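Pasted below: run_21.json, JSON, C-alpha atoms (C1' of nucleotides).
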```
[["chain", "number", "residue", "atom", "x", "y", "z"],
["D", 1, "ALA", "CA", 0.00, 0.00, 0.00],
["D", 2, "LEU", "CA", 2.83, 2.41, 0.82],
["D", 3, "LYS", "CA", 4.55, 1.56, -2.47],
["D", 4, "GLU", "CA", 1.33, 2.22, -4.41],
["D", 5, "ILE", "CA", 0.75, 5.50, -2.56],
["D", 6, "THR", "CA", 4.28, 6.68, -3.30],
["D", 7, "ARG", "CA", 4.12, 5.64, -6.96],
["D", 8, "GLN", "CA", 0.71, 7.20, -7.64],
["D", 9, "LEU", "CA", 1.86, 10.48, -6.05],
["D", 10, "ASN", "CA", 5.01, 10.49, -8.24],
["D", 11, "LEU", "CA", 7.22, 11.08, -5.20],
["D", 12, "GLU", "CA", 9.50, 8.05, -5.63],
["D", 13, "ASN", "CA", 12.07, 10.47, -7.03],
["D", 14, "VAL", "CA", 11.71, 12.57, -3.88],
["D", 15, "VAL", "CA", 11.39, 9.65, -1.46],
["D", 16, "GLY", "CA", 13.81, 7.20, -3.07],
["D", 17, "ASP", "CA", 13.81, 3.95, -5.03],
["D", 18, "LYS", "CA", 15.14, 1.39, -2.55],
["D", 19, "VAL", "CA", 13.07, -0.88, -0.31],
["D", 20, "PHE", "CA", 13.96, 1.07, 2.84],
["D", 21, "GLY", "CA", 11.17, 0.86, 5.39],
["D", 22, "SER", "CA", 11.34, 4.51, 6.41],
["D", 23, "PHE", "CA", 8.18, 6.39, 5.42],
["D", 24, "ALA", "CA", 8.80, 9.66, 7.28],
["D", 25, "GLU", "CA", 9.77, 11.15, 3.91],
["D", 26, "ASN", "CA", 6.09, 11.21, 2.98],
["D", 27, "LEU", "CA", 4.76, 11.54, 6.53],
["D", 28, "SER", "CA", 6.78, 14.67, 7.30],
["D", 29, "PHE", "CA", 5.97, 16.11, 3.88],
["D", 30, "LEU", "CA", 2.29, 15.20, 4.27],
["D", 31, "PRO", "CA", -5.38, 18.72, -1.29],
["D", 32, "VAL", "CA", -5.43, 14.98, -2.06],
["D", 33, "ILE", "CA", -8.53, 12.76, -1.98],
["D", 34, "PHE", "CA", -8.41, 9.07, -1.05],
["D", 35, "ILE", "CA", -10.76, 6.37, -2.35],
["D", 36, "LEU", "CA", -10.75, 2.99, -0.58],
["D", 37, "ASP", "CA", -12.54, 0.06, -2.21],
["D", 38, "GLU", "CA", -13.25, -2.95, 0.01],
["D", 39, "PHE", "CA", -12.54, -0.96, 3.16],
["D", 40, "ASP", "CA", -13.24, -3.98, 5.38],
["D", 41, "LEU", "CA", -10.07, -5.78, 4.26],
["D", 42, "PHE", "CA", -7.86, -2.98, 5.60],
["D", 43, "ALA", "CA", -9.30, -3.49, 9.10],
["D", 44, "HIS", "CA", -7.80, -7.01, 9.17],
["D", 45, "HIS", "CA", -4.21, -5.75, 9.00],
["D", 46, "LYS", "CA", -1.83, -6.42, 11.87],
["D", 47, "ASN", "CA", -2.07, -3.00, 13.54],
["D", 48, "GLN", "CA", -4.36, -0.90, 11.29],
["D", 49, "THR", "CA", -1.41, 1.46, 10.88],
["D", 50, "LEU", "CA", -2.49, 2.88, 7.52],
["D", 51, "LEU", "CA", -6.05, 3.60, 8.67],
["D", 52, "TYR", "CA", -4.80, 5.19, 11.89],
["D", 53, "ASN", "CA", -2.33, 7.43, 10.03],
["D", 54, "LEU", "CA", -5.00, 8.46, 7.53],
["D", 55, "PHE", "CA", -7.44, 9.36, 10.31],
["D", 56, "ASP", "CA", -4.70, 11.22, 12.18],
["D", 57, "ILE", "CA", -3.72, 13.35, 9.18],
["D", 58, "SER", "CA", -7.43, 13.94, 8.53],
["D", 59, "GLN", "CA", -7.80, 15.21, 12.10],
["D", 60, "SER", "CA", -4.49, 17.10, 11.94],
["D", 61, "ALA", "CA", -4.16, 20.74, 10.85],
["D", 62, "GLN", "CA", -1.36, 20.33, 8.29],
["D", 63, "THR", "CA", -3.05, 19.47, 4.97],
["D", 64, "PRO", "CA", -6.64, 18.78, 3.85],
["D", 65, "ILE", "CA", -7.43, 15.10, 3.28],
["D", 66, "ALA", "CA", -10.81, 13.61, 2.39],
["D", 67, "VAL", "CA", -11.39, 9.92, 3.16],
["D", 68, "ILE", "CA", -14.09, 7.85, 1.45],
["D", 69, "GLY", "CA", -14.67, 4.19, 2.25],
["D", 70, "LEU", "CA", -16.87, 1.50, 0.70],
["D", 71, "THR", "CA", -18.24, -1.46, 2.62],
["D", 72, "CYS", "CA", -20.69, -4.34, 2.21],
["D", 73, "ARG", "CA", -20.58, -5.39, 5.87],
["D", 74, "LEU", "CA", -23.04, -3.62, 8.16],
["D", 75, "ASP", "CA", -20.74, -4.08, 11.20],
["D", 76, "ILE", "CA", -17.81, -2.00, 9.94],
["D", 77, "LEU", "CA", -17.90, 0.01, 13.18],
["D", 78, "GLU", "CA", -16.96, -2.93, 15.42],
["D", 79, "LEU", "CA", -14.08, -4.08, 13.20],
["D", 80, "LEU", "CA", -12.14, -0.91, 14.09],
["D", 81, "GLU", "CA", -10.07, -0.31, 17.20],
["D", 82, "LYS", "CA", -11.20, 2.19, 19.83],
["D", 83, "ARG", "CA", -8.65, 4.87, 18.88],
["D", 84, "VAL", "CA", -9.44, 4.98, 15.16],
["D", 85, "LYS", "CA", -13.17, 4.71, 15.92],
["D", 86, "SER", "CA", -12.92, 7.78, 18.17],
["D", 87, "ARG", "CA", -10.91, 9.61, 15.50],
["D", 88, "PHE", "CA", -13.35, 8.47, 12.79],
["D", 89, "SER", "CA", -15.99, 11.05, 11.90],
["D", 90, "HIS", "CA", -19.28, 9.17, 12.17],
["D", 91, "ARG", "CA", -20.43, 10.00, 8.63],
["D", 92, "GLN", "CA", -22.33, 7.09, 7.10],
["D", 93, "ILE", "CA", -24.36, 6.77, 3.91],
["D", 94, "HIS", "CA", -26.59, 3.74, 3.33],
["D", 95, "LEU", "CA", -27.36, 2.39, -0.15],
["D", 96, "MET", "CA", -30.52, 0.26, -0.05],
["W", 1, "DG", "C1'", 30.72, -6.43, 1.08],
["W", 2, "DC", "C1'", 26.93, -5.56, 3.65],
["W", 3, "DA", "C1'", 22.23, -5.04, 5.00],
["W", 4, "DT", "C1'", 17.62, -6.34, 4.43],
["W", 5, "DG", "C1'", 13.56, -8.70, 3.62],
["W", 6, "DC", "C1'", 11.58, -13.01, 2.58],
["W", 7, "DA", "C1'", 10.86, -18.23, 2.72],
["W", 8, "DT", "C1'", 11.29, -22.11, 5.70],
["W", 9, "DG", "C1'", 11.61, -25.06, 9.78],
["W", 10, "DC", "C1'", 10.50, -25.96, 14.38],
["W", 11, "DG", "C1'", 8.29, -25.45, 19.05],
["W", 12, "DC", "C1'", 4.13, -24.63, 21.66],
["W", 13, "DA", "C1'", -0.56, -24.26, 23.08],
["W", 14, "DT", "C1'", -5.13, -25.68, 22.25],
["W", 15, "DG", "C1'", -9.29, -27.86, 21.01],
["W", 16, "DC", "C1'", -11.29, -31.87, 19.67],
["W", 17, "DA", "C1'", -11.90, -36.91, 19.04],
["W", 18, "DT", "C1'", -11.48, -41.44, 21.12],
["W", 19, "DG", "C1'", -11.18, -45.02, 24.57],
["W", 20, "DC", "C1'", -12.56, -46.69, 28.77],
["W", 21, "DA", "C1'", -15.94, -47.95, 33.19],
["W", 22, "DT", "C1'", -19.51, -48.06, 36.28],
["W", 23, "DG", "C1'", -23.93, -47.61, 38.28],
["W", 24, "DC", "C1'", -28.76, -48.12, 37.49],
["W", 25, "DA", "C1'", -33.16, -50.17, 36.07],
["W", 26, "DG", "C1'", -35.74, -53.42, 33.64],
["W", 27, "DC", "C1'", -36.75, -58.09, 32.72],
["W", 28, "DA", "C1'", -36.94, -62.97, 32.74],
["W", 29, "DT", "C1'", -36.65, -67.10, 35.32],
["W", 30, "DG", "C1'", -36.60, -70.29, 38.82],
["W", 31, "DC", "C1'", -38.01, -71.22, 43.29],
["W", 32, "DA", "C1'", -41.09, -71.09, 47.65],
["W", 33, "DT", "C1'", -45.54, -70.92, 49.14],
["W", 34, "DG", "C1'", -50.57, -71.11, 49.16],
["W", 35, "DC", "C1'", -54.70, -73.49, 47.43],
["W", 36, "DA", "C1'", -57.57, -77.16, 45.72],
["W", 37, "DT", "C1'", -58.71, -81.75, 45.85],
["W", 38, "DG", "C1'", -59.59, -86.04, 46.58],
["W", 39, "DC", "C1'", -58.54, -90.92, 49.24]]
```
I'd like the structure from this file rewritten - as structure tokens, please.
Amino acid sequence: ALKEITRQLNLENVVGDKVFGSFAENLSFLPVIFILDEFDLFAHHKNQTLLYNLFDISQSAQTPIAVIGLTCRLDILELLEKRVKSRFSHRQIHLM
DNA sequence: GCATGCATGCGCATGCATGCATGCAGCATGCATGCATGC
């Protein structure tokens, strides 16, 4: 996911080409909109690091970020940890 | 030449499947006892 984010933003020249795990190059540098298909799968990651960072930068006062998620499960609220749930703006749209 | 990240091998905990036994209740059977009945 980090590789795709870097490549789509065309910052690999700025960040670097090697496999180095440091991501503070983007994080320190970080209007861009995010679209997340199959949002439920991201909640099954080891620590939900990407979701937490996205919610943090959304709640931060550095740059404007809009987050849009798509889900088929009706229980997407309980699949999130307490911290991200608190930092998640409870904006839900239902398509029936 | 070195660092790094990935594939692999092994240990550990756990849940589940299997073996194993014992106590109870029902039933069938054989015996003890009561009854009839004649001589």
Exercise for the section: Enter the distance from atom CA of residue D:54 to atom CA of residue D:16, in Å, rounded to one decimal. Expected result: 21.6 Å
Problem - Nearest to residue D:29 by atom-to-atom distance, counting all atoms listed in the file, from D:55, D:50, D:11, D:4 - result: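 Of all the options, D:11 lies closest to residue D:29.
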Exercise for the section: Record the distance separating atom CA of residue D:83 and atom CA of residue D:59, expressed in Å with one decimal. Expected result: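 Result for atom CA of residue D:83 versus atom CA of residue D:59: 12.4 Å, one decimal.
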Handout entry: Which residue of D:14, D:19, D:93, D:80 approaches residue W:4 most closely, using all atoms listed in the file
Key = D:19
Please return, as a PDB file with C-alpha atoms, in the frame of the given file, all residues of chain D lying within 12 Å of chain W when only C-alpha atoms (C1' of nucleotides) are considered.
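Result file follows (iface08.pdb):
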```pdb
ATOM      1  CA  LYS D  18      15.140   1.390  -2.550  1.00  0.00           C
ATOM      2  CA  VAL D  19      13.070  -0.880  -0.310  1.00  0.00           C
ATOM      3  CA  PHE D  20      13.960   1.070   2.840  1.00  0.00           C
ATOM      4  CA  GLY D  21      11.170   0.860   5.390  1.00  0.00           C
TER       5      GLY D  21
END
```
Find the residues with any atom within 6 Å of (-6.4, 7.7, 13.9); use only C-alpha atoms (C1' of nucleotides) and the coordinates as given in the file, and write the answer as an mmCIF file with C-alpha atoms, keeping the file's coordinate frame.
```
data_model
loop_
_atom_site.group_PDB
_atom_site.id
_atom_site.type_symbol
_atom_site.label_atom_id
_atom_site.label_comp_id
_atom_site.auth_asym_id
_atom_site.auth_seq_id
_atom_site.Cartn_x
_atom_site.Cartn_y
_atom_site.Cartn_z
ATOM 1 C CA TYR D 52 -4.800 5.190 11.890
ATOM 2 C CA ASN D 53 -2.330 7.430 10.030
ATOM 3 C CA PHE D 55 -7.440 9.360 10.310
ATOM 4 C CA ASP D 56 -4.700 11.220 12.180
ATOM 5 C CA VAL D 84 -9.440 4.980 15.160
ATOM 6 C CA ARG D 87 -10.910 9.610 15.500
#
```
Handout entry: Nearest-residue call for residue D:49, choices D:81, D:74, D:7, D:32, using all atoms listed in the file
Key = D:81
Residues near residue D:62, cut-off 10 Å, only C-alpha atoms (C1' of nucleotides), skip fewer than 3 positions along chain, as an mmCIF file with C-alpha atoms, in the frame of the given file:
```cif
data_model
loop_
_atom_site.group_PDB
_atom_site.id
_atom_site.type_symbol
_atom_site.label_atom_id
_atom_site.label_comp_id
_atom_site.auth_asym_id
_atom_site.auth_seq_id
_atom_site.Cartn_x
_atom_site.Cartn_y
_atom_site.Cartn_z
ATOM 1 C CA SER D 28 6.780 14.670 7.300
ATOM 2 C CA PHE D 29 5.970 16.110 3.880
ATOM 3 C CA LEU D 30 2.290 15.200 4.270
ATOM 4 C CA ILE D 57 -3.720 13.350 9.180
ATOM 5 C CA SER D 58 -7.430 13.940 8.530
ATOM 6 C CA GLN D 59 -7.800 15.210 12.100
ATOM 7 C CA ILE D 65 -7.430 15.100 3.280
#
```
Problem - Interatomic distance, atom CA of residue D:35 to atom CA of residue D:71 (Å, one decimal) - result: 11.9 Å
Residue D:23 environment, 10 Å, all atoms listed in the file, sequence neighbours closer than 6 positions dropped, as an mmCIF file with C-alpha atoms, in the coordinates of the input:
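Contents of selection02.cif, freshly written:
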```cif
data_model
loop_
_atom_site.group_PDB
_atom_site.id
_atom_site.type_symbol
_atom_site.label_atom_id
_atom_site.label_comp_id
_atom_site.auth_asym_id
_atom_site.auth_seq_id
_atom_site.Cartn_x
_atom_site.Cartn_y
_atom_site.Cartn_z
ATOM 1 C CA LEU D 2 2.830 2.410 0.820
ATOM 2 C CA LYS D 3 4.550 1.560 -2.470
ATOM 3 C CA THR D 6 4.280 6.680 -3.300
ATOM 4 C CA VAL D 15 11.390 9.650 -1.460
#
```
Problem - Residue nearest residue D:95 among D:33, D:73, D:5, D:12 (counting only C-alpha atoms) - result: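 Answer, going by the shortest atom-to-atom distance: D:73.
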Handout entry: Residue nearest residue D:45 - candidates D:77, D:66, D:27, D:1, atoms counted: all atoms listed in the file
Key =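 So, comparing all the options, the nearest one is D:1.
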Problem - Ref. answer, residues at most 7 Å from (-10.7, -1.0, 10.9) with only C-alpha atoms (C1' of nucleotides), as a ChimeraX atom specification - result: /D:40,42-44,48,51,79-81
